[PDB]
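All remarks here apply to the structure that follows.
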Amino acid sequence: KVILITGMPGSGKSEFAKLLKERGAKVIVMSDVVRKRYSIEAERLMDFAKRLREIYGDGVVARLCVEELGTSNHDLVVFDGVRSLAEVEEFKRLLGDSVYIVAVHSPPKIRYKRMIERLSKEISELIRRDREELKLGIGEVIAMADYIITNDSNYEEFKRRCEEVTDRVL
Amino acid sequence: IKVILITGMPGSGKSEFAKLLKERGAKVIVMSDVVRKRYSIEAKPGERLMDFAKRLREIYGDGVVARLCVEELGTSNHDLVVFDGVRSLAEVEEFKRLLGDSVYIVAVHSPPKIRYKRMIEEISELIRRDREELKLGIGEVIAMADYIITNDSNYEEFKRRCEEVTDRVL
Ligand SMILES: Nc1ncnc2c1ncn2[C@@H]1O[C@H](COP(=O)(O)O)[C@@H](O)[C@H]1O
């Protein structure tokens, strides 16, 4: 049983990842995986990830994350940060038929405000960055999701929504 | 005037949200109906609808259907309007350029297997049609939505979810 978590920047998707860590799931952050490769073979992080997808194909990060998983039994595996259907397709080829996409949604202005409130923050730059993420294919993953969780109110409503999706998946 | 843009994948029940608004008294313009009107004056004999839709975008740019839908509205109309079936962010931007900044995107979500299950009661064809809709840019509209309504249980819960969103918009 595998959960692929996707969401736009500032959606709070890692909060869903955190809730799954607490329930005993193996959680693998896809960017942590690319970063391990980066320290070895880097050059900004986005630049190195681009080179990987050109050399090895669009599903590369999924292959890398499966390597990181290794050969072990887990009740629940979670991959936090899926960006394309090419990745989803590699997770399915490698891990089988019990793979689910969960998107965490927040409208653009809410996400922008969360990011601007962090401890560039120009609105034009946050807009350009959504657009780069969309060009990688994240909108296609969201549109084809098994579950979409809205994070547009408080933490406690979000946590309840996360819990009920988890129950449906399990 | 308030502008409600409805987006969703084939078999998602986006038309049911449109229906509900229509039933409340809203002016609902169906984007594919506007395409069919153009079809009767510009299409090649026997041309597939999706093929014609792609050719209009080649000739007039990615925002055409929105422009056509605004011309359908008329300059003389200043009431709330609903456009059923937005396919891309280029359409959204055209609606904003022409009708201003009270523009709301509501996505109706259903997961792939559920939507396919509804339509069948040819699978590779359906998957193919989904791929064409994604290439038009529908996933980016969903990813950037103000509200995502999930239709994955029964009609009544879906209706209550639609009512809540429409209350927030009004
Ligand atoms: N913005 C648009 N909205 C809806 N339909 C469109 C648009 N542009 C082209 N079309 C054509 O209309 C078909 C049916 O639309 P719908 O009735 O919403 O499923 C689509 O698959 C397209 O081929």
Residue under question is B:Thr150, and the condition is that it be crowded, with 19+ Cβ neighbours inside 10 Å and of a type outside the set (D, E, K, R); does it hold? yes
B:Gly46 - would you say it is surrounded by fewer than 21 Cβ atoms within 10 Å (Cβ to Cβ) and more than 13 Å from the ligand (Cβ to nearest atom)? yes
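Of all residues in region A:154-170, which are in a loop (DSSP other than H, G, I, E, B) and of a type outside the set (A, V, I, L, M)? Step through it out loud before you land on a result.
Here is the first cut: in region A:154-170, the ones in a loop (DSSP other than H, G, I, E, B) are A:154, A:170.
Hit for region A:154-170 is A:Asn154, nothing else.
Please go through region B:71-84 and give me each residue that is under 14 Å from the mean Cα position of the chain (by Cα) and hydrophobic (A, V, I, L, M, F, W, C), ordered by number.
Restricting attention to region B:71-84, the residues satisfying the condition of being under 14 Å from the mean Cα position of the chain (by Cα) are B:81-84.
Result: B:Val81, B:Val82, B:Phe83.
Would region B:109-121 turn up any residue that is touching a strand residue (DSSP E or B) at 6+ places or on another chain (Cβ under 6 Å) and surrounded by 13 or more Cβ atoms within 10 Å (Cβ to Cβ)? Please lay out each step first, then the result.
Here is the first cut: in region B:109-121, the ones touching a strand residue (DSSP E or B) at 6+ places or on another chain (Cβ under 6 Å) are B:109.
From what is left, the residues that are surrounded by 13 or more Cβ atoms within 10 Å (Cβ to Cβ) are B:109.
Yes, region B:109-121 contains a residue that is touching a strand residue (DSSP E or B) at 6+ places or on another chain (Cβ under 6 Å) and surrounded by 13 or more Cβ atoms within 10 Å (Cβ to Cβ).
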Residues in region B:63-84: is at least one at negative phi and within 13 Å of another protein chain (Cβ to nearest Cβ)? no
Those residues of region B:74-97 which are within 25 Å of B:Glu23 (Cβ to Cβ), more than 14 Å from the ligand (Cβ to nearest atom) and not acidic (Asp, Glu) amount to B:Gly74, B:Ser76, B:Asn77, B:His78, B:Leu80, B:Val81
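Among the listed residues A:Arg83, A:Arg114, A:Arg131, A:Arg93, identify the single one that is basic (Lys, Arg) and touching a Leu at 6+ places or on another chain (Cβ under 6 Å). Quick ask: steps written out before the conclusion?
Working: A:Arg114 fails: touching a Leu at 6+ places or on another chain (Cβ under 6 Å); A:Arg131 fails: touching a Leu at 6+ places or on another chain (Cβ under 6 Å); A:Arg93 fails: touching a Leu at 6+ places or on another chain (Cβ under 6 Å).
Sole residue among the options that is basic (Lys, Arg) and touching a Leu at 6+ places or on another chain (Cβ under 6 Å): A:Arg83.
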Just to be sure, is B:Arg38 more than 9 Å from the ligand (Cβ to nearest atom), within 29 Å of B:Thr150 (Cα to Cα) and more than 15 Å from the chain's Cα centre (by Cα)? no
Tally of residues being within 13 Å of chain A (Cβ to nearest Cβ), closer than 17 Å to B:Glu163 by Cβ and of a type in the set (A, V, I, L, M) across region B:1-22: 0
Being more than 8 Å from the ligand (Cβ to nearest atom) and out of contact with any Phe, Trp or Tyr (no Cβ under 7 Å at 6 or more places or on another chain) is the filter here; which residues of region B:17-32 pass it? B:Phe17, B:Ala18, B:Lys19, B:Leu20, B:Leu21, B:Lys22, B:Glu23, B:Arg24, B:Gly25, B:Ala26, B:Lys27, B:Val28
Test for A:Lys159: is it over 18 Å from the mean Cα position of the chain (by Cα) and away from every other protein chain (no Cβ under 12 Å): no
Evaluation of A:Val33 against (1) closer than 14 Å to A:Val104 by Cβ; (2) surrounded by 18 or more Cβ atoms within 10 Å (Cβ to Cβ) (one fails), failing number: (1)
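Throughout, read-outs are computed from the coordinates displayed, never taken from laboratory work. All Cβ positions, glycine included, derive from the backbone under ideal geometry; neighbour counts span all protein chains shown.
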